[PDB]
Each structure stands twice: as C-alpha cells, then as structure tokens.
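Structure data (CSV, N, CA and C atoms) from work-v6.csv:
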```
chain,number,residue,atom,x,y,z
X,1,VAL,N,107.8,124.6,102.2
X,1,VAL,CA,108.9,125.1,102.9
X,1,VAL,C,109.5,124.3,104.0
X,2,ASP,N,110.6,123.7,103.8
X,2,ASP,CA,111.2,122.8,104.7
X,2,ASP,C,110.2,121.6,104.8
X,3,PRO,N,110.5,120.7,103.9
X,3,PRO,CA,109.7,119.5,103.8
X,3,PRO,C,110.0,118.6,105.0
X,4,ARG,N,111.0,118.9,105.8
X,4,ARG,CA,111.3,118.1,106.9
X,4,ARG,C,110.9,118.8,108.2
X,5,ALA,N,110.1,119.9,108.2
X,5,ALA,CA,109.7,120.5,109.4
X,5,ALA,C,108.5,120.0,110.1
X,6,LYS,N,108.3,120.2,111.4
X,6,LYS,CA,107.1,119.8,112.1
X,6,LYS,C,105.8,120.4,111.4
X,7,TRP,N,104.8,119.5,111.3
X,7,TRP,CA,103.6,119.8,110.7
X,7,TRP,C,103.0,120.9,111.6
X,8,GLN,N,102.2,121.8,111.0
X,8,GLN,CA,101.6,123.0,111.5
X,8,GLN,C,100.3,123.3,110.8
X,9,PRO,N,99.3,122.7,111.3
X,9,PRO,CA,98.0,122.9,110.7
X,9,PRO,C,97.5,124.3,110.8
X,10,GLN,N,96.6,124.5,109.9
X,10,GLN,CA,95.9,125.8,109.8
X,10,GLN,C,94.4,125.4,109.7
X,11,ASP,N,93.6,126.3,109.7
X,11,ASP,CA,92.2,126.0,109.6
X,11,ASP,C,91.5,127.0,108.8
X,12,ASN,N,92.1,127.4,107.7
X,12,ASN,CA,91.5,128.5,106.8
X,12,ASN,C,91.4,128.2,105.4
X,13,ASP,N,92.1,127.2,104.9
X,13,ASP,CA,92.1,126.9,103.5
X,13,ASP,C,92.2,125.4,103.3
X,14,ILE,N,91.0,124.8,103.0
X,14,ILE,CA,90.9,123.4,102.8
X,14,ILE,C,91.6,122.9,101.5
X,15,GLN,N,92.1,123.7,100.6
X,15,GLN,CA,92.8,123.2,99.4
X,15,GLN,C,94.3,123.3,99.6
X,16,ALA,N,94.7,123.5,100.8
X,16,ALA,CA,96.1,123.6,101.1
X,16,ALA,C,96.5,122.4,101.9
X,17,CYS,N,97.7,121.9,101.7
X,17,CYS,CA,98.1,120.7,102.3
X,17,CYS,C,98.4,120.9,103.8
X,18,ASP,N,98.2,122.0,104.4
X,18,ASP,CA,98.5,122.1,105.8
X,18,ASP,C,97.2,122.3,106.6
X,19,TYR,N,96.1,122.1,105.9
X,19,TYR,CA,94.8,122.3,106.5
X,19,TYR,C,94.8,121.2,107.5
X,20,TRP,N,94.3,121.5,108.7
X,20,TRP,CA,94.3,120.6,109.8
X,20,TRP,C,93.9,119.1,109.7
X,21,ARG,N,92.8,118.8,108.9
X,21,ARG,CA,92.3,117.5,108.6
X,21,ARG,C,93.1,116.6,107.7
X,22,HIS,N,94.0,117.2,106.9
X,22,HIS,CA,94.8,116.5,105.9
X,22,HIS,C,96.0,116.0,106.6
X,23,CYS,N,96.1,115.9,107.9
X,23,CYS,CA,97.3,115.5,108.6
X,23,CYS,C,97.9,114.2,108.2
X,24,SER,N,97.0,113.3,107.7
X,24,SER,CA,97.5,112.1,107.2
X,24,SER,C,97.1,111.7,105.7
X,25,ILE,N,96.8,112.8,104.9
X,25,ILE,CA,96.4,112.6,103.5
X,25,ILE,C,97.6,112.2,102.7
X,26,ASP,N,97.3,111.4,101.7
X,26,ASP,CA,98.3,110.9,100.7
X,26,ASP,C,97.5,110.8,99.4
X,27,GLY,N,97.9,111.6,98.4
X,27,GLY,CA,97.1,111.7,97.2
X,27,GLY,C,96.7,113.2,96.9
X,28,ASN,N,95.4,113.4,96.7
X,28,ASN,CA,94.9,114.7,96.2
X,28,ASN,C,93.7,115.1,96.9
X,29,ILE,N,93.4,116.3,97.2
X,29,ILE,CA,92.2,116.8,97.9
X,29,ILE,C,91.0,116.8,96.9
X,30,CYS,N,89.9,116.2,97.3
X,30,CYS,CA,88.7,116.1,96.5
X,30,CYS,C,88.0,117.4,96.1
X,31,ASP,N,88.3,118.4,97.0
X,31,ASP,CA,87.8,119.7,96.9
X,31,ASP,C,88.3,120.3,95.6
X,32,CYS,N,89.4,119.9,95.1
X,32,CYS,CA,89.9,120.5,93.9
X,32,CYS,C,89.5,119.8,92.5
X,33,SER,N,88.5,118.9,92.6
X,33,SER,CA,88.2,118.3,91.4
X,33,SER,C,86.8,117.9,91.3
X,34,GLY,N,85.9,118.8,91.9
X,34,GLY,CA,84.5,118.6,91.8
X,34,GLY,C,83.8,118.0,93.0
X,35,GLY,N,84.7,117.6,94.0
X,35,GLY,CA,84.2,117.0,95.2
X,35,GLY,C,83.9,118.0,96.3
X,36,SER,N,84.3,117.6,97.5
X,36,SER,CA,84.1,118.5,98.6
X,36,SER,C,85.1,118.1,99.7
X,37,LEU,N,85.1,118.7,100.8
X,37,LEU,CA,86.0,118.3,101.9
X,37,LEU,C,85.7,116.9,102.4
X,38,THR,N,84.4,116.5,102.3
X,38,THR,CA,83.8,115.3,102.7
X,38,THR,C,82.9,114.5,101.7
X,39,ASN,N,82.7,115.0,100.4
X,39,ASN,CA,81.9,114.2,99.4
X,39,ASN,C,82.7,114.0,98.2
X,40,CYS,N,82.4,112.9,97.5
X,40,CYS,CA,83.1,112.7,96.2
X,40,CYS,C,82.6,113.4,95.1
X,41,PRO,N,83.4,113.7,94.1
X,41,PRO,CA,83.1,114.4,92.9
X,41,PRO,C,82.1,113.6,92.1
X,42,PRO,N,81.3,114.2,91.2
X,42,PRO,CA,80.4,113.4,90.4
X,42,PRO,C,81.1,112.3,89.6
X,43,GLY,N,80.5,111.1,89.5
X,43,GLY,CA,81.1,110.1,88.7
X,43,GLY,C,81.9,109.0,89.4
X,44,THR,N,82.6,109.5,90.5
X,44,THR,CA,83.4,108.6,91.2
X,44,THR,C,82.7,107.7,92.2
X,45,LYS,N,83.4,106.7,92.8
X,45,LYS,CA,82.8,105.8,93.7
X,45,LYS,C,83.4,105.9,95.1
X,46,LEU,N,82.5,106.1,96.1
X,46,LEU,CA,82.9,106.3,97.5
X,46,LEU,C,83.4,104.9,98.1
X,47,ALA,N,84.6,104.8,98.6
X,47,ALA,CA,85.0,103.6,99.2
X,47,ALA,C,84.4,103.4,100.6
X,48,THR,N,84.4,102.2,101.0
X,48,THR,CA,83.9,101.9,102.4
X,48,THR,C,85.1,101.9,103.3
X,49,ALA,N,86.3,101.5,102.7
X,49,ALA,CA,87.5,101.5,103.5
X,49,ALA,C,88.2,102.8,103.7
X,50,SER,N,89.2,102.9,104.6
X,50,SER,CA,90.0,104.1,104.9
X,50,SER,C,91.1,103.9,105.8
X,51,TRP,N,92.0,104.9,105.9
X,51,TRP,CA,93.1,104.8,106.9
X,51,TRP,C,92.7,105.9,107.9
X,52,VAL,N,93.1,105.8,109.1
X,52,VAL,CA,92.7,106.8,110.0
X,52,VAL,C,93.9,107.5,110.5
X,53,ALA,N,93.6,108.7,111.1
X,53,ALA,CA,94.5,109.5,111.8
X,53,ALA,C,93.9,110.4,112.8
X,54,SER,N,94.6,110.8,113.8
X,54,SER,CA,94.0,111.7,114.7
X,54,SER,C,94.8,113.0,114.5
X,55,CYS,N,94.1,114.0,114.1
X,55,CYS,CA,94.7,115.3,113.7
X,55,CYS,C,94.2,116.4,114.7
X,56,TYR,N,95.1,117.3,115.0
X,56,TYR,CA,94.8,118.4,115.9
X,56,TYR,C,94.1,119.6,115.2
X,57,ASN,N,93.0,120.0,115.8
X,57,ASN,CA,92.2,121.2,115.3
X,57,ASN,C,92.7,122.3,116.1
X,58,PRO,N,93.6,123.1,115.5
X,58,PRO,CA,94.2,124.2,116.1
X,58,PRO,C,93.2,125.2,116.5
X,59,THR,N,92.0,125.2,115.9
X,59,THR,CA,91.0,126.1,116.3
X,59,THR,C,90.4,125.9,117.6
X,60,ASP,N,90.1,124.7,117.9
X,60,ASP,CA,89.4,124.3,119.1
X,60,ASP,C,90.4,123.6,120.0
X,61,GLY,N,91.6,123.5,119.7
X,61,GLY,CA,92.5,122.8,120.6
X,61,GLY,C,92.2,121.3,120.7
X,62,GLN,N,91.2,120.8,120.0
X,62,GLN,CA,90.9,119.4,120.0
X,62,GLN,C,91.5,118.6,118.8
X,63,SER,N,91.4,117.2,119.0
X,63,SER,CA,91.8,116.2,118.1
X,63,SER,C,90.7,115.4,117.7
X,64,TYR,N,90.6,115.1,116.4
X,64,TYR,CA,89.6,114.3,115.9
X,64,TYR,C,90.2,113.2,115.1
X,65,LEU,N,89.4,112.2,114.9
X,65,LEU,CA,89.8,111.0,114.2
X,65,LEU,C,89.2,111.2,112.8
X,66,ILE,N,90.2,111.3,111.9
X,66,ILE,CA,90.0,111.5,110.5
X,66,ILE,C,90.0,110.1,109.7
X,67,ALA,N,88.9,109.8,108.9
X,67,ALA,CA,88.8,108.6,108.1
X,67,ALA,C,88.9,109.0,106.6
X,68,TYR,N,90.2,108.7,106.2
X,68,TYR,CA,90.5,109.0,104.9
X,68,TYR,C,90.0,107.9,103.9
X,69,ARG,N,88.8,108.2,103.4
X,69,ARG,CA,88.2,107.4,102.4
X,69,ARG,C,88.5,108.0,101.0
X,70,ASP,N,88.8,107.1,100.1
X,70,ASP,CA,89.1,107.5,98.7
X,70,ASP,C,87.9,107.5,97.8
X,71,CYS,N,87.8,108.4,96.8
X,71,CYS,CA,86.8,108.4,95.8
X,71,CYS,C,87.5,107.7,94.6
X,72,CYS,N,86.9,106.7,94.1
X,72,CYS,CA,87.6,106.0,93.1
X,72,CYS,C,86.9,105.7,91.8
X,73,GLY,N,87.6,105.1,90.9
X,73,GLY,CA,87.1,104.7,89.7
X,73,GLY,C,87.4,105.7,88.7
X,74,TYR,N,88.5,106.4,88.9
X,74,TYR,CA,88.9,107.5,88.0
X,74,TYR,C,90.4,107.6,88.0
X,75,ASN,N,91.0,108.2,87.1
X,75,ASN,CA,92.4,108.4,87.1
X,75,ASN,C,92.6,109.6,88.1
X,76,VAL,N,93.9,109.6,88.6
X,76,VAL,CA,94.2,110.6,89.6
X,76,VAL,C,93.9,112.0,89.1
X,77,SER,N,93.3,112.9,90.0
X,77,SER,CA,92.9,114.2,89.5
X,77,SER,C,94.1,115.1,89.0
X,78,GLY,N,95.2,114.9,89.7
X,78,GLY,CA,96.3,115.7,89.4
X,78,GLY,C,96.3,117.1,90.0
X,79,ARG,N,95.2,117.5,90.7
X,79,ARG,CA,95.1,118.8,91.3
X,79,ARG,C,95.3,118.6,92.7
X,80,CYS,N,96.0,119.6,93.4
X,80,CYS,CA,96.1,119.7,94.8
X,80,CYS,C,96.7,118.4,95.4
X,81,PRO,N,97.9,118.1,95.2
X,81,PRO,CA,98.5,116.9,95.7
X,81,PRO,C,99.1,117.2,97.0
X,82,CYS,N,99.0,116.2,97.9
X,82,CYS,CA,99.6,116.3,99.2
X,82,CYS,C,100.1,114.9,99.7
X,83,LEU,N,101.0,114.9,100.6
X,83,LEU,CA,101.5,113.7,101.3
X,83,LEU,C,101.9,114.1,102.7
X,84,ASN,N,101.0,114.0,103.7
X,84,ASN,CA,101.2,114.2,105.1
X,84,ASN,C,101.3,112.9,105.8
X,85,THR,N,102.1,112.7,106.8
X,85,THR,CA,102.2,111.5,107.5
X,85,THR,C,102.3,111.6,109.0
X,86,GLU,N,101.3,112.4,109.5
X,86,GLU,CA,101.2,112.6,111.0
X,86,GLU,C,100.8,111.3,111.7
X,87,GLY,N,101.8,110.6,112.2
X,87,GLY,CA,101.5,109.4,112.9
X,87,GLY,C,101.3,108.1,112.1
X,88,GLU,N,101.8,108.2,110.9
X,88,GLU,CA,101.5,107.1,110.0
X,88,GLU,C,102.5,106.0,110.3
X,89,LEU,N,102.0,104.8,110.4
X,89,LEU,CA,102.8,103.5,110.8
X,89,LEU,C,103.0,102.7,109.5
X,90,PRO,N,103.8,101.7,109.7
X,90,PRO,CA,104.2,100.8,108.6
X,90,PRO,C,103.1,100.0,108.0
X,91,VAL,N,103.3,99.4,106.8
X,91,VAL,CA,102.3,98.6,106.1
X,91,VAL,C,101.6,97.5,106.9
X,92,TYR,N,102.4,97.1,107.9
X,92,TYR,CA,101.9,96.0,108.7
X,92,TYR,C,101.0,96.4,109.9
X,93,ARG,N,100.5,97.7,109.8
X,93,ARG,CA,99.6,98.3,110.7
X,93,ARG,C,98.7,99.2,109.8
X,94,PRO,N,98.0,98.5,108.8
X,94,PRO,CA,97.2,99.2,107.8
X,94,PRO,C,96.3,100.3,108.3
X,95,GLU,N,95.5,100.1,109.3
X,95,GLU,CA,94.6,101.1,109.8
X,95,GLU,C,95.3,102.4,109.8
X,96,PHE,N,96.6,102.5,109.8
X,96,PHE,CA,97.3,103.7,109.9
X,96,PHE,C,98.3,103.9,108.8
X,97,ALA,N,98.2,103.0,107.8
X,97,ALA,CA,99.1,103.1,106.7
X,97,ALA,C,98.5,103.8,105.5
X,98,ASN,N,99.2,104.8,105.0
X,98,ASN,CA,98.7,105.7,103.9
X,98,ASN,C,99.2,105.5,102.4
X,99,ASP,N,100.0,104.4,102.2
X,99,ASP,CA,100.5,104.1,100.9
X,99,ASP,C,99.5,103.1,100.1
X,100,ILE,N,98.6,102.5,100.9
X,100,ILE,CA,97.6,101.5,100.5
X,100,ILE,C,96.5,102.2,99.7
X,101,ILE,N,95.9,101.6,98.7
X,101,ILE,CA,94.8,102.2,98.0
X,101,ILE,C,93.5,101.8,98.7
X,102,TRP,N,92.9,102.8,99.5
X,102,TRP,CA,91.8,102.6,100.3
X,102,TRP,C,90.5,102.7,99.5
X,103,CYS,N,90.4,102.0,98.4
X,103,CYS,CA,89.2,102.0,97.5
X,103,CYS,C,88.2,100.9,97.8
X,104,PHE,N,88.6,99.9,98.6
X,104,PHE,CA,87.8,98.8,99.0
X,104,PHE,C,86.4,99.2,99.3
X,105,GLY,N,85.4,98.5,98.7
X,105,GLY,CA,84.1,98.9,99.0
X,105,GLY,C,83.4,99.9,98.0
X,106,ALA,N,84.2,100.5,97.2
X,106,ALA,CA,83.5,101.4,96.2
X,106,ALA,C,82.6,100.6,95.3
X,107,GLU,N,81.5,101.1,94.9
X,107,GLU,CA,80.6,100.4,94.0
X,107,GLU,C,81.3,100.0,92.8
X,108,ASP,N,80.7,99.1,92.0
X,108,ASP,CA,81.2,98.7,90.7
X,108,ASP,C,82.6,98.2,90.8
X,109,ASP,N,83.2,98.1,92.0
X,109,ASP,CA,84.5,97.6,92.1
X,109,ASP,C,85.6,98.5,91.7
X,110,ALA,N,85.4,99.8,91.8
X,110,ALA,CA,86.3,100.8,91.5
X,110,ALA,C,87.4,100.6,92.5
X,111,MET,N,88.7,100.5,92.0
X,111,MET,CA,89.9,100.4,92.8
X,111,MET,C,91.0,101.4,92.3
X,112,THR,N,90.7,102.3,91.3
X,112,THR,CA,91.7,103.3,90.8
X,112,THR,C,91.5,104.5,91.7
X,113,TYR,N,92.6,105.2,92.0
X,113,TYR,CA,92.7,106.3,92.9
X,113,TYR,C,92.4,107.6,92.2
X,114,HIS,N,91.4,108.4,92.7
X,114,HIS,CA,91.1,109.7,92.1
X,114,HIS,C,91.5,110.8,93.1
X,115,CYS,N,90.8,110.7,94.3
X,115,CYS,CA,91.1,111.7,95.3
X,115,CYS,C,90.7,111.1,96.7
X,116,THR,N,90.9,111.9,97.7
X,116,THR,CA,90.7,111.4,99.1
X,116,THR,C,89.9,112.5,99.8
X,117,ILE,N,88.9,112.1,100.6
X,117,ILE,CA,88.1,113.1,101.4
X,117,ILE,C,88.6,113.1,102.9
X,118,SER,N,88.3,114.0,103.7
X,118,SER,CA,88.8,114.1,105.0
X,118,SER,C,87.6,114.4,106.0
X,119,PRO,N,86.7,113.5,106.1
X,119,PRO,CA,85.6,113.6,107.0
X,119,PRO,C,86.0,113.3,108.4
X,120,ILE,N,85.3,113.9,109.4
X,120,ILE,CA,85.6,113.7,110.7
X,120,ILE,C,84.8,112.5,111.1
X,121,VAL,N,85.4,111.6,111.8
X,121,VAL,CA,84.7,110.4,112.2
X,121,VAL,C,84.5,110.3,113.7
X,122,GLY,N,85.1,111.2,114.5
X,122,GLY,CA,84.9,111.3,115.9
X,122,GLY,C,86.1,112.0,116.6
X,123,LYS,N,85.9,112.5,117.8
X,123,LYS,CA,87.0,113.0,118.6
X,123,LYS,C,87.7,111.7,119.1
X,124,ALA,N,89.0,111.6,119.5
X,124,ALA,CA,90.1,112.4,119.7
X,124,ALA,C,91.3,111.7,119.0
```

Would you write the structure of this file as structure tokens?
Amino acid sequence: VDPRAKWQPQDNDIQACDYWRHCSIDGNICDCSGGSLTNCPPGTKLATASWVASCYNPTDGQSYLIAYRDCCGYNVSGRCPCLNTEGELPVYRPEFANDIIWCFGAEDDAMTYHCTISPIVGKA
C-alpha cells in the first residue's frame, strides 16, 4: 500500500516485508523456504559477504546494524519477496548497495541467489 510511502517497521511478523530487520532486504526472506530469520535453509551455502543497514527496532526504540548475508547455490525461492531500501546508496558504495549478489564466500563457490537472512550484527 503506497509503494512510495515512508517505511514503517513492525515487529510481529518476520515473513512480512515491513518487519523491522528487513529495512534493507532485496530478494526473498529465508524464513519462507526452509531457513530462518538468521539461518540458511538446508542445502544452501552461507555467504561470508553482505550489505549492511541500520534499521530501527520499533520495539525498543533502538537501531541495529543488519548484515544481509545471502544463502546461495540455489535458484530463487520465489516465496516472500521484498525490496526495501532504507538508506541504500549507489553501487559505488557497496557496503550499502543492495542490487549486488552478496554470495561471496559461500562454500563450493555458490553465487546463485536463493534467499537472504537478517541477522543482527550490532547496535546502532
């Protein structure tokens, strides 16, 4: 609803695109395909790389630094797709660029995009 409106995080449903940690998610939530909010689904490869974002936790009024690591080596799940860009910068500032495939580091050289986790990597 109003794709152009200010972002408004919630903290009650991790499979929804307005869940507070997915502020900078691009792709699909791992929770919808066998993974978890922070673990990869069976069979996929955990990347070492990621893009970061600092997202507001409406519940505690704090901000944490989210490391969007991709689970790879699989075709896109197709379930629960999102594209949030809270503070996303251009490609020439990768640490904060979300169109890049952050699969670097996955075992076996997996570079195909399956889903993305939203683990907290630290405040603020």

For the structure I just gave you, how does DSSP split chain X - specifically, which residues are helix (DSSP H, G or I)? Reply as a PDB file with N, CA and C atoms, keeping the file's coordinate frame.
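Written file, result.pdb:
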```pdb
ATOM      1  N   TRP X  20      94.300 121.500 108.700  1.00  0.00           N
ATOM      2  CA  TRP X  20      94.300 120.600 109.800  1.00  0.00           C
ATOM      3  C   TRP X  20      93.900 119.100 109.700  1.00  0.00           C
ATOM      4  N   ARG X  21      92.800 118.800 108.900  1.00  0.00           N
ATOM      5  CA  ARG X  21      92.300 117.500 108.600  1.00  0.00           C
ATOM      6  C   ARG X  21      93.100 116.600 107.700  1.00  0.00           C
ATOM      7  N   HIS X  22      94.000 117.200 106.900  1.00  0.00           N
ATOM      8  CA  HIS X  22      94.800 116.500 105.900  1.00  0.00           C
ATOM      9  C   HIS X  22      96.000 116.000 106.600  1.00  0.00           C
ATOM     10  N   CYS X  23      96.100 115.900 107.900  1.00  0.00           N
ATOM     11  CA  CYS X  23      97.300 115.500 108.600  1.00  0.00           C
ATOM     12  C   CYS X  23      97.900 114.200 108.200  1.00  0.00           C
ATOM     13  N   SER X  24      97.000 113.300 107.700  1.00  0.00           N
ATOM     14  CA  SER X  24      97.500 112.100 107.200  1.00  0.00           C
ATOM     15  C   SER X  24      97.100 111.700 105.700  1.00  0.00           C
ATOM     16  N   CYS X  30      89.900 116.200  97.300  1.00  0.00           N
ATOM     17  CA  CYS X  30      88.700 116.100  96.500  1.00  0.00           C
ATOM     18  C   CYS X  30      88.000 117.400  96.100  1.00  0.00           C
ATOM     19  N   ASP X  31      88.300 118.400  97.000  1.00  0.00           N
ATOM     20  CA  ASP X  31      87.800 119.700  96.900  1.00  0.00           C
ATOM     21  C   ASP X  31      88.300 120.300  95.600  1.00  0.00           C
ATOM     22  N   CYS X  32      89.400 119.900  95.100  1.00  0.00           N
ATOM     23  CA  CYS X  32      89.900 120.500  93.900  1.00  0.00           C
ATOM     24  C   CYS X  32      89.500 119.800  92.500  1.00  0.00           C
ATOM     25  N   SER X  33      88.500 118.900  92.600  1.00  0.00           N
ATOM     26  CA  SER X  33      88.200 118.300  91.400  1.00  0.00           C
ATOM     27  C   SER X  33      86.800 117.900  91.300  1.00  0.00           C
ATOM     28  N   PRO X  94      98.000  98.500 108.800  1.00  0.00           N
ATOM     29  CA  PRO X  94      97.200  99.200 107.800  1.00  0.00           C
ATOM     30  C   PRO X  94      96.300 100.300 108.300  1.00  0.00           C
ATOM     31  N   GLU X  95      95.500 100.100 109.300  1.00  0.00           N
ATOM     32  CA  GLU X  95      94.600 101.100 109.800  1.00  0.00           C
ATOM     33  C   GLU X  95      95.300 102.400 109.800  1.00  0.00           C
ATOM     34  N   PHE X  96      96.600 102.500 109.800  1.00  0.00           N
ATOM     35  CA  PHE X  96      97.300 103.700 109.900  1.00  0.00           C
ATOM     36  C   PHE X  96      98.300 103.900 108.800  1.00  0.00           C
ATOM     37  N   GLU X 107      81.500 101.100  94.900  1.00  0.00           N
ATOM     38  CA  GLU X 107      80.600 100.400  94.000  1.00  0.00           C
ATOM     39  C   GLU X 107      81.300 100.000  92.800  1.00  0.00           C
ATOM     40  N   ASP X 108      80.700  99.100  92.000  1.00  0.00           N
ATOM     41  CA  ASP X 108      81.200  98.700  90.700  1.00  0.00           C
ATOM     42  C   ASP X 108      82.600  98.200  90.800  1.00  0.00           C
ATOM     43  N   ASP X 109      83.200  98.100  92.000  1.00  0.00           N
ATOM     44  CA  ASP X 109      84.500  97.600  92.100  1.00  0.00           C
ATOM     45  C   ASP X 109      85.600  98.500  91.700  1.00  0.00           C
TER      46      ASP X 109
END
```

Gap from atom CA of residue X:8 to atom CA of residue X:47 - Å, one decimal: 28.3 Å

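For residue X:98, the set of protein, DNA and RNA residues having any atom at most 6.5 Å away, when counting only N, CA and C atoms and skipping those fewer than 5 positions along the same chain, is residues 24, 26, 51, 88 and 89 of chain X.
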
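Residues of stretch 34-80 of chain X that DSSP, applied to the backbone, places in strand (DSSP E): residues 45, 46, 51, 52, 53, 54, 55, 56, 57, 62, 63, 64, 65, 66, 67, 68, 70, 71 and 72 of chain X.
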
Using all atoms listed in the file for the distances, tell me which of X:119, X:29, X:39, X:112 is nearest to residue X:68.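 For residue X:68, the nearest of the candidates is X:119.
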
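Atom C of residue X:122 lies 18.5 Å from atom CA of residue X:14.
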
Leaving out stretch 107-109 of chain X and any residue of its chain fewer than 4 positions from it, which residues lie within 8 Å of it when counting only N, CA and C atoms, given as a PyMOL selection string? chain X and resi 44-48+72-73+103

Leaving out stretch 62-64 of chain X and any residue of its chain fewer than 4 positions from it, which residues lie within 8 Å of it when counting all atoms listed in the file, given as number ranges by chain? X: 53-58, 119-124

Give the answer as one residue: which of X:52, X:1, X:111, X:30 has the shortest atom-to-atom distance to residue X:86, using all atoms listed in the file? X:52

Selected residue, from X:101, X:91, X:23, X:37, that lies nearest to residue X:76 when counting only C-alpha atoms: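 Under the stated criterion, the closest residue is X:101.
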
Between X:77, X:59, X:93, X:85, which one has atoms that come closest to residue X:34, using only C-alpha atoms? X:77

Just how far from atom N of residue X:90 is atom N of residue X:36, in Å to one decimal?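 Between atom N of residue X:36 and atom N of residue X:90 the gap works out to 28.0 Å.
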
For residue X:102, which of X:12, X:7, X:41, X:70 is the closest residue, counting only N, CA and C atoms? X:70

Shell around residue X:9 at 6 Å using all atoms listed in the file, local window under 4 positions removed, as a VMD selection string: chain X and resid 18 to 20

Across X:84, X:97, X:79, X:35, the smallest distance to residue X:22, with only N, CA and C atoms counted, is shown by X:84

Saving stretch 48-60 of chain X with N, CA and C atoms, as a PDB file, in the first residue's frame, what would that file be?
```
ATOM      1  N   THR X  48      29.857 -15.250   3.058  1.00  0.00           N
ATOM      2  CA  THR X  48      30.626 -14.584   4.064  1.00  0.00           C
ATOM      3  C   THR X  48      30.348 -13.121   3.907  1.00  0.00           C
ATOM      4  N   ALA X  49      30.081 -12.663   2.631  1.00  0.00           N
ATOM      5  CA  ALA X  49      29.783 -11.246   2.330  1.00  0.00           C
ATOM      6  C   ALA X  49      28.375 -10.813   2.702  1.00  0.00           C
ATOM      7  N   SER X  50      28.126  -9.495   2.607  1.00  0.00           N
ATOM      8  CA  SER X  50      26.822  -8.924   2.921  1.00  0.00           C
ATOM      9  C   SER X  50      26.704  -7.426   2.702  1.00  0.00           C
ATOM     10  N   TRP X  51      25.505  -6.888   2.737  1.00  0.00           N
ATOM     11  CA  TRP X  51      25.379  -5.457   2.633  1.00  0.00           C
ATOM     12  C   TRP X  51      24.808  -5.070   3.963  1.00  0.00           C
ATOM     13  N   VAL X  52      25.067  -3.869   4.434  1.00  0.00           N
ATOM     14  CA  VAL X  52      24.568  -3.585   5.740  1.00  0.00           C
ATOM     15  C   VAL X  52      23.579  -2.494   5.699  1.00  0.00           C
ATOM     16  N   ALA X  53      22.860  -2.431   6.806  1.00  0.00           N
ATOM     17  CA  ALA X  53      21.893  -1.353   7.027  1.00  0.00           C
ATOM     18  C   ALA X  53      21.617  -1.182   8.499  1.00  0.00           C
ATOM     19  N   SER X  54      21.254   0.012   8.823  1.00  0.00           N
ATOM     20  CA  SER X  54      20.941   0.231  10.197  1.00  0.00           C
ATOM     21  C   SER X  54      19.444   0.481  10.216  1.00  0.00           C
ATOM     22  N   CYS X  55      18.738  -0.435  10.872  1.00  0.00           N
ATOM     23  CA  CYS X  55      17.290  -0.459  10.906  1.00  0.00           C
ATOM     24  C   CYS X  55      16.768  -0.231  12.339  1.00  0.00           C
ATOM     25  N   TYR X  56      15.696   0.549  12.417  1.00  0.00           N
ATOM     26  CA  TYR X  56      15.028   0.884  13.636  1.00  0.00           C
ATOM     27  C   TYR X  56      14.126  -0.223  14.233  1.00  0.00           C
ATOM     28  N   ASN X  57      14.378  -0.588  15.502  1.00  0.00           N
ATOM     29  CA  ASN X  57      13.599  -1.558  16.230  1.00  0.00           C
ATOM     30  C   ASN X  57      12.565  -0.800  16.974  1.00  0.00           C
ATOM     31  N   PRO X  58      11.408  -0.700  16.373  1.00  0.00           N
ATOM     32  CA  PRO X  58      10.282  -0.011  16.934  1.00  0.00           C
ATOM     33  C   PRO X  58       9.955  -0.481  18.342  1.00  0.00           C
ATOM     34  N   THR X  59      10.338  -1.677  18.672  1.00  0.00           N
ATOM     35  CA  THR X  59      10.005  -2.177  19.952  1.00  0.00           C
ATOM     36  C   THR X  59      10.817  -1.605  21.067  1.00  0.00           C
ATOM     37  N   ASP X  60      12.086  -1.488  20.828  1.00  0.00           N
ATOM     38  CA  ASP X  60      12.958  -0.970  21.837  1.00  0.00           C
ATOM     39  C   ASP X  60      13.446   0.419  21.484  1.00  0.00           C
TER      40      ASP X  60
END
```
